[PDB]
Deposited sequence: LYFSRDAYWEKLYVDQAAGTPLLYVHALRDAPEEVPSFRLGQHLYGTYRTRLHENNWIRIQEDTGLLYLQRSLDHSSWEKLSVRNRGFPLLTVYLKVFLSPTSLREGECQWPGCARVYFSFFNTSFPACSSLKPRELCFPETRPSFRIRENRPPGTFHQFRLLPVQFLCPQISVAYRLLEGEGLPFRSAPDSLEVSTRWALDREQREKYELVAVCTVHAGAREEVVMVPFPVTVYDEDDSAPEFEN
């Protein structure tokens, strides 16, 4: 089994409610019977991999790969983490996610940009921030390995705190291609095994419709990996 990304990212605010869902990770199969079992590392990490504190706040669903807040992060929580960050401003905190050192394919790092404020007002959010993470993701899919779900598009803290904003997604430029994003689906999956001899790189278009409708589009890149090698491929 391997993650379809080496790194994930979202934002965390002061005083987000226990019960906020954060994002999903995804593991694809190396053999047909493989089933992921997700678990978190024990600690939260800050600047230059500083070990900050035991993670008392974030949990993952072992079967489905959903990360969520088990306990709210209040002002004091963020202070405990800040003071352990070796003098650097606390800008980012991350966790490790194992699927059965933290390195792809067996471990993903989930990064959260900390914002010292409340989650913003719903009405303040522009379509780009409602639709996709701040930097669009790219994906890793091994040739000649079984197809499966490798992404989910909806921003979970936005769907949770702003449930009155409707958001929908589709792909462009995937016709004839192995990718499925079905009507009303927030998931993206492959349809058949990939093969680097046919295509090494895909670049689809992800399209988000918010609401009066407004649309935002971003590239959707997928690199086809070797069945076996662990080394990251360059991305351009």
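Missing from the model, by position in the deposited sequence, are residues 101-107, 219-221.
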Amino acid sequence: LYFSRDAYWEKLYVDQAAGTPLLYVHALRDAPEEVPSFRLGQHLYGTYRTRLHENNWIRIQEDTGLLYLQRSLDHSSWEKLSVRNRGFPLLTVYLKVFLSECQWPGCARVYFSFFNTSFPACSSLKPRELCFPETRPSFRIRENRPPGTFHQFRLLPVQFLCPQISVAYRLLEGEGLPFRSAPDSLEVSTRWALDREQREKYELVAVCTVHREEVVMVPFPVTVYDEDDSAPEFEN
From here on, numbers count along this sequence of modelled residues.
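When the mean C-alpha temperature factors of 121-129 and 90-98 are read from the deposited coordinates, 121-129 comes out higher. Between the stretches 50-58 and 194-202, it is 194-202 that shows the larger average CA temperature factor. Sorting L69, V207, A182, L44 by the CA temperature factor given in the entry leaves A182 at the top.
Looking only at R140, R109, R136, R145, the residue with the top Cα B factor in the deposited structure is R145. The PDB entry assigns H211 a C-alpha temperature factor belonging to the highest third of its chain's modelled residues. When all modelled residues of the chain are sorted by CA temperature factor, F115 is found within the highest third.
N85: CA B factor lies in the lowest third for its chain, per the PDB record.
Among all modelled residues in this chain, the alpha-carbon of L1 has a temperature factor (C-alpha) in the middle third. Residue-level temperature factors show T20 in the lowest third of its chain, judged at the C-alpha atom.
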